[PDB]
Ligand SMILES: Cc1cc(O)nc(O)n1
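Listed next as structure tokens is one chain, alone, in the form deposited without the named molecule.
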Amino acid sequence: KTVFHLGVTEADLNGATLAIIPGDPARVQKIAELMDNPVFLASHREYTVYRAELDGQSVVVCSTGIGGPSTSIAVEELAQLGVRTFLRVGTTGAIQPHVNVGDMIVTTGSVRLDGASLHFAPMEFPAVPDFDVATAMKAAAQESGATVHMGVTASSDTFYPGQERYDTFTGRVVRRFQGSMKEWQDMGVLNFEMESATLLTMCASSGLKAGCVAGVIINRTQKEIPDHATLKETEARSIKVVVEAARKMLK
């Protein structure tokens, strides 16, 4: 049996029960090649799927696309094929002045500024990671030598108005999001992204283990775009960290 969107079967996964889920399809091969015997399985729409081996055990790498809706499809269909643990990796921009480019963020909870999380649990339910995944990500990030921040991420269904950007076609932000960035800053939120609220809510309410780790590639309060060397090193560290976190999760 082949799932509707991902184009793979349970046999294709070789017994994997853990997936690493980047957003960008072009990063899938790069993550798989950090492990042993990487194998391309399928690519359709924003979903590129590889398998590889980590300490002898099969691991899936599957892209999600941008946003909760496309992420929710990938997580569901991988769970149909036996995956139980989901490690999100990416890079991100921080919104607090003490966070530096090259630091890592491990999300301990997300502000649910999305719609798909409500398709799994009502708004009162916390978008929080599994404690073992969060523990493994913190340990892998710390062992990398980076400075690590554990804290809250704001997870938005838009890149522009929901992150209170005004440098846009209309220059307008709807009332709900006017003043929102300052509010999140004053509440200690570390960063914005666009998938964690869906991922964490769907997994925490469905018997699946999930977490999110990200390397910081810009501080939005300072707007200092990194040189190429620093960007490359931060991107590389983020995926090396997520693979070591997967290693810590294997049983």
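Each form is matched to the other, and the largest set of C-alpha atoms that superpose within 1.5 Å is called the rigid core. Residues that one form lacks are left out of the comparison. Residue numbers here begin at 1 and follow the sequence given.
Keep in mind the form deposited with the named molecule bound is missing from the figure; the text below concerns it.
The listed set 54, 218, 208, 42 contains one residue whose heavy atoms approach the named molecule in the deposited bound form to within 4.5 Å, identified as 218. Among 189, 28, 194, 202, the residue placing a heavy atom within 4.5 Å of the named molecule in the deposited bound form is 194. With the partner left out here, the named molecule still marks one of 141-149, 126-134, 91-99, 78-86 in the deposited bound form; by a 4.5 Å heavy atom cut-off that stretch is 91-99. At a distance threshold of 4.5 angstroms between non-hydrogen atoms, residue 163 is in contact with the named molecule in the deposited bound form. Taking non-hydrogen atoms only, residue 120 never approaches the named molecule to within 4.5 angstroms in the deposited bound form. Superposing the two forms on their core leaves just one of 187, 225, 26, 39 with a Cα displacement of at least 2 Å between the shown form and the other one, namely 225.
224-228 is the only run of at least 3 consecutive shared residues whose C-alphas each shift by 2 Å or more between the shown form and the other one once the core is superposed.
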